[PDB]
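J.: Take a look at this one; I'll ask things after.
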Amino acid sequence: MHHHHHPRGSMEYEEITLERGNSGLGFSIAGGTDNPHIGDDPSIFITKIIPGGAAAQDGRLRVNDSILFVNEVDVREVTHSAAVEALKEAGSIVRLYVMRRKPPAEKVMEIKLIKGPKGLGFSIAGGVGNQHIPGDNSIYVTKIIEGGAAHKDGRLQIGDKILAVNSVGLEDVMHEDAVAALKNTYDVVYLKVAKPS
Amino acid sequence: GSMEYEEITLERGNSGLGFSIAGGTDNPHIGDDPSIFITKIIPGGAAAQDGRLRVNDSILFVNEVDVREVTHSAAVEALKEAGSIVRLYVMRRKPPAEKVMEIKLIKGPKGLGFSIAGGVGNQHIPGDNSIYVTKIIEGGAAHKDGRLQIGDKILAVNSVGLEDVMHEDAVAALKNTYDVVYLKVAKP
């Protein structure tokens, strides 16, 4: 199709090579143009993994992985049936190109800070055009300044996602936007943060 | 093309900051862009001696003032009332620091025997939608030929350019090829 289904989220791609067992590849799918599995998503999703099945023993593959390419076949936009056949006619060695979301944060907390004369004494990276991590518009703490408010409080650490400044969310925003959202604060600041996993 | 932000702190000379600007809501400098652009850099000027600042840099913040969307006049004043020590948050685009070659490959049964990363939503490098060679597979066609190396930008597959494309799009552009493939590459 002319337009493909770009997914809100922090994504991860992996190429999993499988050797067909005497019982297939040992996993189940769902979705496709004729029976979209989620929302308006014609993408193919892995619904099940069969134990002692080829996919299982390899163990790279995981449920809710989305399949984009079987060998050299593009299955982003096809009928369910179409995919099943592609998966059969894929021969004994099947190169799967799959995508899924990256692991959930270790945890989410809220940190109150009181601005030093230097500001909040810490730096950031990330942002929509400025992915600090391939496929991640999130905003991370680049560096914590010694003596700075962030240091004093000591709760905040490097690599923590900053999700919100006060009532301002930083989900998928321009790097400049985030910076602005911080300059435009008063003496007290409530940071909603996410500690990496 | 390669989005880059830098915070340049300047110490006002006895002649200002020594650079000129253009743009703003009242006189957009380029297309529909109300952004403030640096048009000139005065020699022996404060900005010059620092040398971090460069023409066509876009100014986002003067100290704590947001100048993404303001009138030209507005900015000039912000730049005056900014006191003796002026912190500038600027952005620009790096332009390709590469030499460029074309590599013909003949598909092995495994495909071209190499992997990629990067893409529009998948910046392999902050501010770079370019597509890079993640890994070269041993025995794979790419290895045999030996020309291709890790970290090389792939700019085109046959007649298909990969300038600012979705990661999936690039992958598709490679699956959808025949036994022979012409790769336009860029060595950094």
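Following the order of the structure tokens, chains are lettered A, B, ..., residues in each are numbered from 1, and ligands are numbered from 1.
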Identify all chain B residues at most 9 Å from chain A by counting only C-alpha atoms; ligands do not count. Present them as a ChimeraX atom specification.

T.: /B:3-5,60-61,64-66,89,110-111,117-129,168,171-172,174-177

J.: Export N, CA, C and O atoms of the chosen residues as a CSV table (one decimal), in the first residue's frame?

T.:
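Result file is again-v1.csv:
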chain,number,residue,atom,x,y,z
B,3,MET,N,20.4,16.8,11.9
B,3,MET,CA,20.0,17.7,12.9
B,3,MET,C,20.8,17.7,14.2
B,3,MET,O,21.1,16.7,14.8
B,4,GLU,N,21.2,18.9,14.6
B,4,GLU,CA,22.2,19.0,15.7
B,4,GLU,C,21.9,20.2,16.5
B,4,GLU,O,21.7,21.3,16.0
B,5,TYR,N,21.9,20.0,17.8
B,5,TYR,CA,21.7,21.2,18.7
B,5,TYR,C,23.0,21.5,19.5
B,5,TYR,O,23.7,20.5,19.9
B,60,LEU,N,17.0,29.1,18.8
B,60,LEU,CA,15.8,28.7,19.4
B,60,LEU,C,15.6,29.5,20.7
B,60,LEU,O,14.5,30.0,21.0
B,61,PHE,N,16.6,29.6,21.5
B,61,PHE,CA,16.5,30.3,22.8
B,61,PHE,C,17.7,31.3,23.0
B,61,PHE,O,18.8,30.9,22.9
B,64,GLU,N,16.7,32.6,28.3
B,64,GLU,CA,15.5,31.8,28.7
B,64,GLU,C,14.3,32.3,27.9
B,64,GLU,O,13.2,31.9,28.2
B,65,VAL,N,14.6,33.1,26.8
B,65,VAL,CA,13.6,33.5,25.9
B,65,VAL,C,13.4,32.6,24.7
B,65,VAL,O,14.3,32.1,24.1
B,66,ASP,N,12.1,32.2,24.5
B,66,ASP,CA,11.8,31.4,23.3
B,66,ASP,C,11.6,32.2,22.1
B,66,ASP,O,10.7,33.0,22.0
B,89,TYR,N,20.8,28.8,22.4
B,89,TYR,CA,20.5,27.4,22.0
B,89,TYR,C,20.2,27.4,20.5
B,89,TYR,O,19.1,27.9,20.1
B,110,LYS,N,21.4,-16.6,0.5
B,110,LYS,CA,21.0,-16.1,1.8
B,110,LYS,C,20.5,-14.6,1.7
B,110,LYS,O,20.2,-14.0,2.7
B,111,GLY,N,20.6,-14.1,0.5
B,111,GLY,CA,20.4,-12.7,0.3
B,111,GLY,C,21.8,-12.1,0.2
B,111,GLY,O,22.8,-12.7,0.0
B,117,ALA,N,20.6,-0.7,10.0
B,117,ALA,CA,19.9,0.0,11.1
B,117,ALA,C,19.7,1.4,10.6
B,117,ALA,O,20.2,1.8,9.5
B,118,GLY,N,19.0,2.3,11.4
B,118,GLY,CA,18.7,3.6,11.0
B,118,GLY,C,17.4,3.7,10.3
B,118,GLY,O,16.7,2.7,10.2
B,119,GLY,N,17.0,4.9,9.7
B,119,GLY,CA,15.7,5.1,9.2
B,119,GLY,C,15.0,6.2,9.9
B,119,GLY,O,15.6,6.7,10.9
B,120,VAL,N,13.9,6.6,9.4
B,120,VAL,CA,13.3,7.9,9.9
B,120,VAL,C,12.9,7.9,11.4
B,120,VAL,O,13.3,8.8,12.2
B,121,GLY,N,12.1,6.9,11.8
B,121,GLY,CA,11.8,6.7,13.2
B,121,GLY,C,12.8,6.0,14.0
B,121,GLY,O,12.7,5.8,15.2
B,122,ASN,N,13.9,5.6,13.3
B,122,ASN,CA,14.8,4.7,13.9
B,122,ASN,C,16.3,5.2,13.9
B,122,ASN,O,17.2,4.4,13.7
B,123,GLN,N,16.4,6.5,14.1
B,123,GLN,CA,17.7,7.1,14.1
B,123,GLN,C,18.8,6.2,14.7
B,123,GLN,O,18.8,6.1,16.0
B,124,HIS,N,19.7,5.7,13.9
B,124,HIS,CA,20.8,4.9,14.3
B,124,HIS,C,21.9,5.8,15.0
B,124,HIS,O,22.9,5.4,15.6
B,125,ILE,N,21.7,7.1,14.7
B,125,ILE,CA,22.6,8.2,15.2
B,125,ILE,C,21.8,9.4,15.4
B,125,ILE,O,21.1,9.9,14.4
B,126,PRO,N,21.8,10.0,16.6
B,126,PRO,CA,21.0,11.2,16.9
B,126,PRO,C,21.0,12.2,15.8
B,126,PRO,O,22.0,12.8,15.5
B,127,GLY,N,19.8,12.4,15.2
B,127,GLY,CA,19.6,13.4,14.2
B,127,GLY,C,20.0,12.9,12.8
B,127,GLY,O,20.4,13.7,11.9
B,128,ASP,N,19.9,11.6,12.6
B,128,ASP,CA,20.4,11.0,11.3
B,128,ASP,C,19.5,9.9,10.9
B,128,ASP,O,19.6,8.8,11.4
B,129,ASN,N,18.6,10.2,9.9
B,129,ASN,CA,17.7,9.2,9.4
B,129,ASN,C,18.4,8.3,8.3
B,129,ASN,O,17.7,7.5,7.6
B,168,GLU,N,11.4,0.3,7.8
B,168,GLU,CA,10.7,-0.8,7.0
B,168,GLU,C,10.8,-0.6,5.5
B,168,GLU,O,11.1,-1.5,4.8
B,171,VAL,N,14.3,-1.7,4.3
B,171,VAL,CA,14.3,-3.2,4.3
B,171,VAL,C,13.5,-3.7,3.1
B,171,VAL,O,14.0,-4.6,2.4
B,172,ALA,N,12.3,-3.2,2.8
B,172,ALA,CA,11.5,-3.6,1.7
B,172,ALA,C,12.2,-3.3,0.4
B,172,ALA,O,12.2,-4.2,-0.5
B,174,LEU,N,15.2,-3.6,-0.3
B,174,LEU,CA,16.2,-4.6,-0.5
B,174,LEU,C,15.6,-6.0,-0.8
B,174,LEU,O,16.2,-6.7,-1.6
B,175,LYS,N,14.6,-6.3,-0.1
B,175,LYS,CA,13.9,-7.6,-0.4
B,175,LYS,C,13.4,-7.6,-1.8
B,175,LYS,O,13.5,-8.6,-2.5
B,176,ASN,N,12.8,-6.4,-2.2
B,176,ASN,CA,12.3,-6.3,-3.5
B,176,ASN,C,13.4,-6.0,-4.5
B,176,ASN,O,13.5,-4.9,-5.1
B,177,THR,N,14.3,-6.9,-4.7
B,177,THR,CA,15.4,-6.8,-5.7
B,177,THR,C,15.5,-8.2,-6.4
B,177,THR,O,15.0,-9.2,-5.9

J.: Would you please give, as a list in words, all residues of segment 26-134 of chain A that DSSP assigns to helix (DSSP H, G or I) based on the backbone?

T.: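 Checking each residue of segment 26-134 of chain A, the helix (DSSP H, G or I) ones are residues 54, 55, 56, 57, 58, 80, 81, 82, 83, 84, 85, 86, 87 and 88 of chain A.
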
J.: Could you save those same residues with C-alpha atoms as a PDB file, in the first residue's frame?

T.:
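See selection-v3.pdb below for the written result:
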ATOM      1  CA  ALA A  54      11.241 -24.922  16.275  1.00  0.00           C
ATOM      2  CA  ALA A  55      10.467 -21.327  17.279  1.00  0.00           C
ATOM      3  CA  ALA A  56      10.544 -22.289  20.945  1.00  0.00           C
ATOM      4  CA  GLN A  57      13.953 -23.991  20.889  1.00  0.00           C
ATOM      5  CA  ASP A  58      15.409 -20.931  19.191  1.00  0.00           C
ATOM      6  CA  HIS A  80      -4.230 -13.567   6.612  1.00  0.00           C
ATOM      7  CA  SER A  81      -4.370 -16.508   4.259  1.00  0.00           C
ATOM      8  CA  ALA A  82      -1.598 -14.948   2.145  1.00  0.00           C
ATOM      9  CA  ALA A  83       0.792 -14.924   5.076  1.00  0.00           C
ATOM     10  CA  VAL A  84       0.133 -18.529   6.082  1.00  0.00           C
ATOM     11  CA  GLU A  85       1.096 -19.605   2.566  1.00  0.00           C
ATOM     12  CA  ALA A  86       4.172 -17.396   2.548  1.00  0.00           C
ATOM     13  CA  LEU A  87       5.137 -19.111   5.792  1.00  0.00           C
ATOM     14  CA  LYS A  88       4.659 -22.524   4.206  1.00  0.00           C
TER      15      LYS A  88
END

J.: Which of segment 43-101 of chain A counts as strand (DSSP E) under DSSP, as JSON, numbers by chain please?

T.: {"A": [44, 45, 46, 47, 48, 49, 66, 67, 68, 69, 70, 73, 74, 93, 94, 95, 96, 97, 98, 99, 100, 101]}

J.: With only C-alpha atoms as the atoms that count, which of B:112, B:185, B:8, B:85 lies nearest to residue 155 of chain B?

T.: B:185

J.: Can you list, as a ChimeraX atom specification, every protein, DNA or RNA residue that comes within 10 Å of residue 59 of chain B when you count only C-alpha atoms, leaving out same-chain residues fewer than 2 positions away?

T.: /B:5-7,21,35-38,56-57,61-62,66-68,75,88-92

J.: Kindly indicate which residue among B:20, B:130, B:14, B:73 lies nearest to residue 54 of chain B, using only C-alpha atoms for the distances.

T.: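 Checking each candidate against residue 54 of chain B, we get B:20 as the closest.
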
J.: Which residues are near residue 23 of chain B? Cut-off 9 Å, only C-alpha atoms, ignore same chain within fewer than 2 positions. Put them as a ChimeraX atom specification.

T.: /B:21,25-30,33-37,71-72

J.: Export N, CA, C and O atoms of the chosen residues as a PDB file, in the first residue's frame?

T.:
ATOM      1  N   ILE B  21      21.132  38.476  11.899  1.00  0.00           N
ATOM      2  CA  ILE B  21      20.050  37.500  11.793  1.00  0.00           C
ATOM      3  C   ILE B  21      19.029  37.851  10.716  1.00  0.00           C
ATOM      4  O   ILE B  21      19.098  38.910  10.097  1.00  0.00           O
ATOM      5  N   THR B  25       8.305  35.789  12.276  1.00  0.00           N
ATOM      6  CA  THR B  25       6.939  35.734  11.771  1.00  0.00           C
ATOM      7  C   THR B  25       6.615  36.829  10.740  1.00  0.00           C
ATOM      8  O   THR B  25       5.847  36.594   9.816  1.00  0.00           O
ATOM      9  N   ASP B  26       7.196  38.016  10.893  1.00  0.00           N
ATOM     10  CA  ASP B  26       6.873  39.133  10.008  1.00  0.00           C
ATOM     11  C   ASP B  26       7.655  39.097   8.705  1.00  0.00           C
ATOM     12  O   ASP B  26       7.302  39.769   7.739  1.00  0.00           O
ATOM     13  N   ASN B  27       8.718  38.308   8.682  1.00  0.00           N
ATOM     14  CA  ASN B  27       9.553  38.230   7.496  1.00  0.00           C
ATOM     15  C   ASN B  27      10.241  36.880   7.381  1.00  0.00           C
ATOM     16  O   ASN B  27      11.472  36.809   7.331  1.00  0.00           O
ATOM     17  N   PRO B  28       9.447  35.801   7.332  1.00  0.00           N
ATOM     18  CA  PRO B  28      10.004  34.449   7.254  1.00  0.00           C
ATOM     19  C   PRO B  28      11.156  34.423   6.264  1.00  0.00           C
ATOM     20  O   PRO B  28      11.057  34.977   5.170  1.00  0.00           O
ATOM     21  N   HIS B  29      12.251  33.794   6.662  1.00  0.00           N
ATOM     22  CA  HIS B  29      13.481  33.850   5.892  1.00  0.00           C
ATOM     23  C   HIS B  29      13.515  32.772   4.821  1.00  0.00           C
ATOM     24  O   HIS B  29      14.067  32.970   3.743  1.00  0.00           O
ATOM     25  N   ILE B  30      12.917  31.629   5.132  1.00  0.00           N
ATOM     26  CA  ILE B  30      12.883  30.502   4.216  1.00  0.00           C
ATOM     27  C   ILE B  30      11.519  29.857   4.266  1.00  0.00           C
ATOM     28  O   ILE B  30      11.002  29.600   5.344  1.00  0.00           O
ATOM     29  N   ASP B  33       9.018  29.364   7.328  1.00  0.00           N
ATOM     30  CA  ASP B  33       9.803  29.202   8.543  1.00  0.00           C
ATOM     31  C   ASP B  33      10.062  30.531   9.242  1.00  0.00           C
ATOM     32  O   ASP B  33      10.873  31.338   8.780  1.00  0.00           O
ATOM     33  N   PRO B  34       9.378  30.749  10.375  1.00  0.00           N
ATOM     34  CA  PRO B  34       9.436  31.987  11.153  1.00  0.00           C
ATOM     35  C   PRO B  34      10.669  31.970  12.027  1.00  0.00           C
ATOM     36  O   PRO B  34      10.893  32.888  12.821  1.00  0.00           O
ATOM     37  N   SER B  35      11.454  30.909  11.892  1.00  0.00           N
ATOM     38  CA  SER B  35      12.633  30.740  12.719  1.00  0.00           C
ATOM     39  C   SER B  35      13.663  31.801  12.417  1.00  0.00           C
ATOM     40  O   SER B  35      13.679  32.382  11.324  1.00  0.00           O
ATOM     41  N   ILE B  36      14.513  32.051  13.406  1.00  0.00           N
ATOM     42  CA  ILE B  36      15.567  33.046  13.285  1.00  0.00           C
ATOM     43  C   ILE B  36      16.857  32.407  12.788  1.00  0.00           C
ATOM     44  O   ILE B  36      17.358  31.454  13.380  1.00  0.00           O
ATOM     45  N   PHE B  37      17.395  32.932  11.693  1.00  0.00           N
ATOM     46  CA  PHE B  37      18.596  32.365  11.111  1.00  0.00           C
ATOM     47  C   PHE B  37      19.756  33.319  11.219  1.00  0.00           C
ATOM     48  O   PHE B  37      19.589  34.531  11.113  1.00  0.00           O
ATOM     49  N   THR B  71       8.289  37.836  16.087  1.00  0.00           N
ATOM     50  CA  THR B  71       8.548  38.808  15.051  1.00  0.00           C
ATOM     51  C   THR B  71      10.045  39.057  15.055  1.00  0.00           C
ATOM     52  O   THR B  71      10.715  38.869  16.072  1.00  0.00           O
ATOM     53  N   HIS B  72      10.567  39.464  13.907  1.00  0.00           N
ATOM     54  CA  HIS B  72      11.982  39.762  13.776  1.00  0.00           C
ATOM     55  C   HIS B  72      12.409  40.774  14.830  1.00  0.00           C
ATOM     56  O   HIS B  72      13.350  40.546  15.590  1.00  0.00           O
TER      57      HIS B  72
END

J.: So what do you get for atom CA of residue 116 of chain B versus atom CA of residue 144 of chain B, distance-wise?

T.: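 Computing the Euclidean distance for atom CA of residue 116 of chain B and atom CA of residue 144 of chain B yields 17.7 Å.
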
J.: Name the closest residue to residue 160 of chain B among the candidates B:183, B:138, B:145, B:48; distances are taken between atoms, counting only C-alpha atoms.

T.: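 Counting only C-alpha atoms, the residue closest to residue 160 of chain B is B:183.
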
J.: What is the atom CA of residue 2 of chain A to atom CA of residue 90 of chain A distance in Å?

T.: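 Answer for the atom CA of residue 2 of chain A to atom CA of residue 90 of chain A separation: 25.6 Å.
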
J.: Looking at A:14, A:153, A:39, A:52, which one is nearest to residue 26 of chain A, with distances taken over only C-alpha atoms?

T.: A:52

J.: So that I can check the surroundings of residue 178 of chain B, please list as a list in words every protein, DNA and RNA residue that reaches within 9 Å of it, counting only C-alpha atoms and ignoring chain neighbours fewer than 3 positions away.

T.: residues 106, 107, 175 and 181 of chain B

J.: Using Å and a single decimal, report how far atom CA of residue 103 of chain B sits from atom CA of residue 152 of chain B.

T.: 11.7 Å

J.: Tell me, as a PyMOL selection string, which residues lie within 10 Å of residue 117 of chain A, counting only C-alpha atoms; anything in the same chain fewer than 4 positions away does not count.

T.: chain A and resi 121+148-149+187
